[PDB]
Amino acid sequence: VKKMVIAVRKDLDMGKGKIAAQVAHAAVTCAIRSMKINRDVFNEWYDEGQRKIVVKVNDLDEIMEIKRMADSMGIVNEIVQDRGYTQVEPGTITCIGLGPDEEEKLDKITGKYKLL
């Protein structure tokens, strides 16, 4: 009943393996942050099998809209960027993780998007 959502960009031509790695990046950062600042909710999520919903979004604008809504609702979220073409600079935004939180709350933000 606690779930995490990760929303993945479909316009980047990412392979199956890269998508999994990017979703895992989002999930790791959200989980660790939530363990720090939202412990009881993290624990419940984790003990219920750390359930995750993975949706796909059309473009960067959708990622940023999710971000906007998550911050407004006080939901833990992490925009994920891959490695650069340049080691010094940050890379492309691939996905965004949310939660863990209440599924009903999370669906208010991501429910509209197609499952990956």
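All residue numbers refer to positions in the sequence shown, first residue = 1.
Stretches 41 to 49 and 26 to 34 differ in mean C-alpha B factor, with the higher average recorded for 41 to 49. Of the two segments, 70 to 78 and 86 to 94, the one listed with the higher mean B-factor is 86 to 94 (C-alpha atoms only).
The deposited CA B-factor of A21 belongs to the lowest third of values across its chain.
Per the PDB record, residue ranking by Cα B-factor puts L115 in the middle third of the chain.
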